[PDB]
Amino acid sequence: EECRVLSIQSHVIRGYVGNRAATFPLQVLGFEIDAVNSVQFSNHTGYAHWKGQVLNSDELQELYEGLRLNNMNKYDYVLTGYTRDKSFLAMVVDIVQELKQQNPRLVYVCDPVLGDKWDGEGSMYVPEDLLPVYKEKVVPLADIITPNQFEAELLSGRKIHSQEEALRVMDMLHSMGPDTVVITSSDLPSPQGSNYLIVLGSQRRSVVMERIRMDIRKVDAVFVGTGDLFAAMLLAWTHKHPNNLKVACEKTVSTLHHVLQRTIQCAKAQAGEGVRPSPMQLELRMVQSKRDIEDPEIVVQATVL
């Protein structure tokens, strides 16, 4: 009847990040997703300016309490992403634990947002005290995690220089609890050329492993909200294709392809030839990608490792 998702992420007025990047897509795919907005900002922090207010851990608990009092604390999935506050994350953990006791079959999709790699090596953009909570509290509770290379390294304590090392680090994260690990981006080399980024996916489930790889053509620009979109779409596609990590990843990545393809085109037309599109011009063309989200044309086959 209904697949409900409790998604606790940022909200911006203008643009598509966090809950803004996750909601429309999931609703379009028929999920009863409920959005708890961890913050409400004018726009994402990639802009010259930004304003807003946050939601403290007490307010989050207050909201959970209202749902519980009405017996609306039964969800099929929980989805979380970027959080800057340690208190908030701990409160999130208590909530998932609770929702899990309420429904053992709940799937927690955790995007362990900690930072990223830029030119070569990267940096965190979350207070460091958060990492221990993610390693000790969050990830062990998670059923599906979506870190990028940097986050996978931080959560494992191991550096990743090759595909093999990435799969080993993924085995470590698996042992930490999550049955599905998908590294959403990395510096790994591709035979296709230098203009590619690699996605690796591992799923434990007769206990069998399924591992995949995808080589994605890089678009010349920095997008915001794509990691969030990736996690939400992975949530939707692993849902329709359980035990088929391959397809789930192909639909997720293809959906990202169409959205970004549509986004970079508009960004240019607006910026004009030879001019790099601004963050504003680079906002995901989300509503215009509705048909691509409903049924994405697979434009990337994933290789079975």
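Note that residue numbering follows the sequence shown and begins at 1. Between two forms, the rigid core is defined as the largest C-alpha subset superposing within 1.5 Å.
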Item to complete: Quick one: core-superposed, which stretch strays further from the shown model in 6 other deposited structures of this protein, 216 to 224 or 84 to 92? Go by RMS C-alpha distance.
Response: 216 to 224
Fill in: Higher C-alpha RMS shift from the shown form in 6 other deposited structures of this protein - 206 to 214 or 106 to 114, rigid core fit
206 to 214
Discussion item. Taking the other PDB entries of this protein that cover both neighbours, check whether residue 274 lacks coordinates in at least a third of them.
Written reply: yes
Discussion item. I want to verify a possible break: how many residues of the deposited sequence sit between residue 205 and residue 206 without any coordinates (none, 1 to 3, 4 to 9, 10 or more)?
Written reply: 4 to 9
Practice prompt. Could you settle it for me: does 237 to 245 or 30 to 38 have the higher average Cα B factor in the PDB entry?
Written response: 237 to 245
Fill in: Which of 270 to 278 and 47 to 55 has higher mean CA B factor, as the PDB entry lists it
270 to 278
Fill in: Per the PDB entry, maximal CA B factor within 111, 143, 164, 98
98
Worksheet item: Of the options 170, 78, 72, 138, which has the highest CA B factor as deposited?
Response: 72
Worksheet item: In terms of the CA temperature factor given in the entry, to which third of its chain does residue 302 belong: lowest, middle or highest?
Response: highest
Worksheet item: What third of the chain, by the recorded C-alpha B-factor, contains residue 126?
Response: highest
Discussion item. Where does the C-alpha B-factor of residue 257 rank in its chain, lowest, middle or highest third?
Written reply: lowest
Worksheet entry | Third of chain Cα B-factors occupied by residue 187 | middle
Response to the item:
Here the Cα B-factor of residue 115, set against its chain, lands in the third termed middle
